[PDB]
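Take the sequence shown: its letters are residues 4 to 64, 68 to 229, numbered as in the UniProt record's numbering.
From the three backbone atoms N, C-alpha and C, an ideal C-beta is built for every residue, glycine too.
Please read the structure below before turning to the comments.
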Amino acid sequence: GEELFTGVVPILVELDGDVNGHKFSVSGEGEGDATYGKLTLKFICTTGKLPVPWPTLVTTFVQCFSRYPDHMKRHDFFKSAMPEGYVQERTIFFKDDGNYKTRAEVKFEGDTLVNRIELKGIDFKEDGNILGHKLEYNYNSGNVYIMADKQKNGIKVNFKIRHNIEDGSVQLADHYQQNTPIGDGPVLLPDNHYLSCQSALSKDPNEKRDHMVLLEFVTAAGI
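As structure tokens, then:
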């Protein structure tokens, strides 16, 4: 897979969503440059106004673009599954609030690296930090824990995302994620490690639509 990520890859993201019966769609475009662990994307709510807060979707909107130091390449599960791809599934628990259930498929469409996702959210408080848009438009750095998952020929991934609430508090979002190759094809199984991540959300003064500009860097460590 390594050889597909050697340069600048166009990325395309498409999510269909239903949160507490609130329905929406988002398209994203950008490019990734795994060599530097860099992702640059722009997202647009195509169905109007985003019913949830943008920062809540970041995790959901391609770890194959993480930078795996030379010594760790053997642990890169993401790239290994390419081009056929991998399936990525999560449940993201918002403390004292609802949950998101996501199913995505990450693979190449020719030259393009695509992420197609179905997202379902239930149990959200209509007056919650989420439904009530109480989260700051920003994003914290942190770690993503990776571990091999044999009886599935995949990996298990766990982490906590802390969204800042505008009152100064925090909205914890606990992530439980599973990935498995799309094919019958081989993949690399990693030893435990983690991805060190950081992100910055911005806006395009020109875009009138509901959107998010995202700049992100992630580098595998712990080995």
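From the options, residue whose alpha carbon lies closest to that of residue i
i, options, result
"residue 64", "198, 34, 76 and 90", "34"
"residue 178", "193, 163 and 146", "146"
"residue 84", "154, 211, 222 and 174", "154"
"residue 277", "37, 180 and 148", "For the chain, the structure presents residues 4 to 229; residue 277 sits outside this window and is missing."
"residue 6", "20, 28, 200 and 82", "82"
"residue 202", "210, 212, 41 and 104", "41"
"residue 102", "165, 197, 62 and 176", "176"
heavy atom of the ligand SAH below 8 Å from residue i C-beta
i, result
"residue 121", "Summarising the ligand content, the structure contains no ligands, and the ligand SAH is consequently not present."
Extent of the continuous alpha helix (DSSP H) to which residue i belongs
i, result
"residue 71", "First-last for residue 71: undefined, no H or E at that position."
"residue 248", "Outside the shown range of the chain, which is 4 to 229, sits residue 248, and nothing can be said about it."
Through-space distance from residue j to residue i, alpha-carbon basis
i, j, result
"residue 167", "residue 79", "26 Å"
"residue 93", "residue 109", "7 Å"
"residue 54", "residue 22", "8 Å"
"residue 150", "residue 51", "32 Å"
"residue 136", "residue 32", "25 Å"
"residue 129", "residue 18", "20 Å"
"residue 88", "residue 25", "34 Å"
"residue 131", "residue 138", "8 Å"
"residue 104", "residue 134", "9 Å"
"residue 158", "residue 212", "46 Å"
Cβ-Cβ separation, residue j to residue i (assumed contact under 8 Å), whole Å
i, j, result
"residue 49", "residue 30", "6 Å"
"residue 68", "residue 125", "Not really, about 15 Å apart at Cβ, beyond 8 Å."
"residue 141", "residue 59", "7 Å"
"residue 207", "residue 143", "6 Å"
"residue 181", "residue 123", "With 8 Å as the limit, residue 181 and residue 123 do not qualify as a contact, their Cβ atoms being about 14 Å apart."
"residue 121", "residue 16", "5 Å"
Residue i - DSSP class collapsed to helix/strand/coil
i, result
"residue 199", "strand"
"residue 215", "coil"
"residue 88", "coil"
"residue 13", "strand"
"residue 231", "Any question about residue 231 goes unanswered here, given that the chain covers just 4 to 229."
"residue 187", "strand"
"residue 6", "helix"
"residue 64", "coil"
N- and C-terminal bounds of the beta strand (DSSP E) containing residue i
i, result
"residue 110", "105-115"
"residue 43", "41-48"
"residue 2", "Since the displayed the chain opens at 4 and closes at 229, residue 2 lies outside it and no answer follows."
"residue 32", "25-36"
"residue 153", "148-155"
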